[PDB]
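As a convention, Cβ positions derive from the backbone with ideal geometry for all residues, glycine included, and neighbour counts pool all protein chains shown. Every read-out reported here was derived from the displayed coordinates using simple, explicitly stated rules and does not represent laboratory data.
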Amino acid sequence: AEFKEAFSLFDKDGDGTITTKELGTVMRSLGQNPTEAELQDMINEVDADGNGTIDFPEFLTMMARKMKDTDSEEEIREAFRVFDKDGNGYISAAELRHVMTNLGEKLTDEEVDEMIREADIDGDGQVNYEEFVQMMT
Ligand SMILES: [Sr+2]
Ligand SMILES: [Sr+2]
Ligand SMILES: [Sr+2]
Ligand SMILES: [Sr+2]
């Protein structure tokens with residue numbers, strides 16, 4: 001019911017489809033001002049049957065995947081903040097060790113250091129959000 005209300009904001013003229021122009025109108029109302037070329041890409045990504053507009057079932061299918069990706073992100077972020085005790089955006093070896101103790105795993109500095117290295121792509125001796133997401137895969 002809520003996705004259909006979202007759809008109707010896009011379908012300006014009520015014909016059951018969203019054209020590039022109708023999507024531009026909306027994006028502009030949201031503070032974005034994409035080119036026609038950018039608008040056509042956005043339509044094309046959602047337009048499963050290629051006829052050149054987005055219809056409600058196409059919209060709904062995308063929105064449901066966006067919902068599922070959004071929820072997943074929200075959850076990985078929650079877990080990250082659990083580890084980043086002081087919330088500065090990096091998990092430190094001390095934070096990881098502390099938190100693993102509460103997860104029931106009494107680890108040494110060597111063992112927590114080896115875990116941080118596995119994930120430490122950028123080599124600063126800690127784990128940022130990207131790096132964390134990468135390990136959760
Ligand atoms: Sr329309
Ligand atoms: Sr279509
Ligand atoms: Sr931290
Ligand atoms: Sr790092």
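Rg(Cα) of segment 16-137 divided by 2.2 N^0.38 Å? Intermediate values should be presented prior to the final figure.
Numbers: Rg = 21.3 Å, N = 122, 2.2 N^0.38 = 13.7 Å.
Taking N as the residue count of segment 16-137, the ratio is 1.56.
Computed from phi, the 3J(HN,Hα) profile of segment 38-52 under the Karplus parametrisation 6.51, -1.76, 1.60 (θ = phi - 60°) reads 5, 4, 4, 4, 5, 4, 5, 5, 9, 7, 5, 9, x, 7, x Hz, with x in place of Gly and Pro.
Just to confirm the number: angle between the C-alpha axis of helix 93-102 and the first principal axis of the chain, 0 to 90 degrees, nearest 10? For helix 93-102, the angle is close to 90 degrees. To the nearest ten degrees, helix 56-83 and the longest principal axis of the Cα atoms of the chain are 20 degrees apart. Along segment 111-125 the Karplus relation, 6.51 cos²θ - 1.76 cosθ + 1.60 evaluated at θ = phi - 60°, assigns HN-Hα couplings of 5, 6, 4, 5, 6, 5, 3, 4, 9, 7, 4, 8, x, 8, x Hz to successive residues, with x for each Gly and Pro. For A64 and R81, the difference between the fully extended length at 0.36 nm per residue and the C-alpha to C-alpha distance is 3.5 nm. Straight-distance candidates among the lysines for linking to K106, with alpha-carbon spacing under 22 Å and chain neighbours fewer than 8 residues away dropped: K85.
Considering only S92, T25, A48, the residue lying farthest towards the positive end of the dipole of the chain is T25, judged by Cα position with unit charges set on Cβ.
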